[PDB]
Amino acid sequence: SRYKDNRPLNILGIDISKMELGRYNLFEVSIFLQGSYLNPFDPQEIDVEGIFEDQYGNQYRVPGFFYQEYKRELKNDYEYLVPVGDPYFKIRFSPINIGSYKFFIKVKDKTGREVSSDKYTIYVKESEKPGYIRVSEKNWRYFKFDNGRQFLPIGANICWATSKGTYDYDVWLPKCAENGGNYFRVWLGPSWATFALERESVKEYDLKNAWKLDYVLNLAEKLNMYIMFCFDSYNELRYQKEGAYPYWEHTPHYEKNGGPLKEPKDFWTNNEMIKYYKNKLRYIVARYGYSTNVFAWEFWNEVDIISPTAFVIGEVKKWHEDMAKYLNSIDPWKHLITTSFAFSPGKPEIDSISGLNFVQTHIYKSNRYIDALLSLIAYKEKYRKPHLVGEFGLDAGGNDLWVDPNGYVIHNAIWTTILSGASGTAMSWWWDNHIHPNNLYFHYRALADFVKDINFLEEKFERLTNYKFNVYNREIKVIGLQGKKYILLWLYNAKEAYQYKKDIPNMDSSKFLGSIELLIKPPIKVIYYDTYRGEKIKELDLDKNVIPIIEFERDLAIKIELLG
């Protein structure tokens, strides 16, 4: 309770960021107040709210949150944050409709006293922003923005920084975005994470780390990138004796460290922990919910590998059901909600929860991972909601960095996942020690440029099924999608695709190798696409349904337009 107050409840002053702003832009109110509370992060101690109403009958009840300003510097080789001024409270709002809004501020503290402001009027004009990300109503395999444009996530995990903190995101994110990236994932736990809110306590949240997350969210806003926020990771609830980077002994949840829990099993049902967790969800909604650059709220990283002493399937299921209902109810903008598993097929009792809007896969597999991805994507179509391969690599142990410096594994996975029908790319690990130093972003640029003009929401793509290969003395395989106006093929050499010691293909020749016959109606236009240089190699107008395959080293993309 370092931030306690014991004065009669009064609003002292307010600052309004701007009285006119654009659709989906941030409207920020800053509030100085005094009152009686032991913990500004607990709504039973102090409850700040903004009540906003448009001219179309919609009301928004926006929780407010405690804030400390900082000034950042790169002091030697680490980020250093200097506090500026006293902490105070904020309300962060984003308008969905344009036009006029009225709003007022309401505050209640532990004494039961309530105070309110007068009503203020603001004006919202049209903007370029596409809105929040939702599941597509036209094709449940994919995401959309509110404005109807597709959101096809292309990117990687970028879940924490080095000691350089936000200065690492200053480097990684512009490089990702200039190479077709629009997506990343960050971690808000365990307590060592860059953006850890529960750093020293589960009752009070870390204002420095929350400020870093502000900064990175603002950078995503400037770069048109969209972020999955992962609230907790399994390490928090895994005992030392169980390995796999366990952190229970160090986590603030444990009674040894000041928390309410005697053991991780009690996380799911302890009333005090549930209350604190709901307070955390309220803080996250208050501080970040306004942002259309929040793609999704993710409760857990790999909740199935918490301690086996703590995983009770019915309790974990009920907790996800109840927390998804609570989060949705307090989030004025109704962001997407998900969770994840280490077990690649996931847990159907949890994945089928209606309140989880999409499902995920994590998979680290060294052999025949192309087939594994295809199989998992086919399997999870049973849920009739989008599927994000949210973690991918060869080996949780990092063998990738030594065996595949050119990123062929990432390359194979991102092409496989997009052309197998998943909602976006397989999302690599190793952002800091592999993707960036090896400059692997070109793989994403080539894929992004291949799919950029295809509307997955309209094509009614199905996996390619009726094809005949005529290829002699080479074992070529195909992953493909057949749609209303396009067929998209990724062809790979089953031998070479899993061999990583070779230099990046430099395609010079374009000899004839073989053919693929497809069930289509001429005429058609065939585009051959170099998946490494990210460019068209050759274009062929065809009057029959036999598509030549030109020579390639490792893999080749083909885009076929149904003209007839």
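From 1 onward, residues are counted along the sequence shown.
Chemist: Would you mind comparing 537-545 and 6-14 for me and telling me which has the higher average C-alpha temperature factor in the entry?
Modeler: Here the higher of the two C-alpha B-factor means belongs to 537-545.
Chemist: Using only the Cα atoms and their B-factors as the entry lists them, report which of 106-114 and 144-152 averages higher.
Modeler: 106-114 has the higher mean C-alpha B-factor.
Chemist: Out of 358, 467, 429, 160, which shows the largest CA B-factor listed in the entry?
Modeler: Out of 358, 467, 429, 160, the record gives the largest C-alpha B-factor to 467.
Chemist: According to the Cα B-factor stored in this entry, which of the following is highest: 194, 482, 328, 344?
Modeler: So the option with the highest C-alpha B-factor is 482.
Chemist: Of the three thirds of its chain by CA temperature factor, lowest, middle or highest, which one includes residue 289?
Modeler: Answer is lowest: the recorded C-alpha B-factor places it there.
Chemist: Can you work out whether the C-alpha temperature factor of residue 26 puts it in the lowest, middle or highest third of the chain?
Modeler: Answer is lowest: the recorded C-alpha B-factor places it there.
Chemist: Can you work out whether the C-alpha temperature factor of residue 367 puts it in the lowest, middle or highest third of the chain?
Modeler: Ranked within chain, residue 367 CA B lands in the highest tercile.
Chemist: Residue 60's Cα B-factor: lowest, middle or highest third of the chain?
Modeler: Residue 60: CA B-factor falls in the middle third of its chain.
Chemist: Where does residue 119 sit by CA temperature factor within its chain: lowest, middle or highest third?
Modeler: Its C-alpha B-factor, which the entry lists for residue 119, ranks in the highest third among residues of this chain.
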